[PDB]
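Taken in order, these protein sequences are the chains called A and B.
The first sequence begins at 1 in the numbering used here and counts up one residue at a time.
The second sequence begins at 101 in the numbering used here and counts up one residue at a time.
Idealized CB from N, CA, C, for every residue including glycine.
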Amino acid sequence: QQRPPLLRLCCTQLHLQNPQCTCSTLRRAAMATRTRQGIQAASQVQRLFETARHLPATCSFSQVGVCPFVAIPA
Amino acid sequence: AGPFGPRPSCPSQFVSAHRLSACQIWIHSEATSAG
Ligand SMILES: [Cl-]
Ligand code: NA
Ligand code: NA
Ligand code: NA
């Protein structure tokens, strides 16, 4: 199937960035969601940051791949 | 590298890309599906 429309929009936005900015900005985006939404349950926080790190792959940043793990704040 | 290179500015690209707002919604949707 085609992807969910929201995921496709995310890829369009990510394509407005250079490959070497993608992981840093996705970390920033993940922290913004975690804080704004008050996500605190451990598995939800982990899945939040994991989902962010995996986005470059589906958005075809082959030179990036999956973003490296970084210890989650707080 | 040089003064006239492409010189990416990641924070500027982030705001120009709407702070990846659709990615934020997607990340939020996936997070609350945990477990
Ligand atoms: Cl679908
Ligand atoms: Na924060
Ligand atoms: Na909140
Ligand atoms: Na830009």
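Interface flag, residue i vs chain A, CB-CB below 9 Å
i: B/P108; result: yes
i: B/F104; result: no
Any non-hydrogen atom of ligand 3 within 8 Å of residue i CB
i: A/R36; result: yes
beta-carbon residue i near ligand 1 non-hydrogen atom, thresh 8 Å
i: A/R3; result: yes
Near ligand 2: residue i beta-carbon under 8 Å from a heavy atom
i: A/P73; result: yes
Coil, strand or helix - residue i by DSSP
i: residue 194 of chain B; result: This structure does not reach residue 194 of chain B, given that chain B is present from 101 up to 135, and the question cannot be answered.
i: A/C67; result: coil
i: A/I39; result: coil
Residue-chain proximity (residue i, chain B), Cβ-Cβ < 9 Å
i: A/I39; result: yes
i: A/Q44; result: yes
i: A/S60; result: no
i: A/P73; result: no
i: A/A57; result: no
i: A/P4; result: yes
Residue i at chain E interface by Cβ criterion, 9 Å
i: A/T35; result: Given the protein chain composition of this structure (A and B), no chain E is represented.
Residues in the region 118 to 135 of chain B having any Cβ partner in chain A nearer than 8 Å: So the close ones are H118, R119, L120, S121, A122, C123, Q124, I125, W126, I127, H128, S129, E130, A131, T132, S133, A134, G135.
Residues of the region 9 to 21 of chain A with Cβ closer than 8 Å to any Cβ of chain B, in chain order: Shown in chain order are the members of the region 9 to 21 of chain A whose Cβ falls below 8 Å from a Cβ of chain B: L9, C10, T12, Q13, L14, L16, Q17, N18, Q20, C21.
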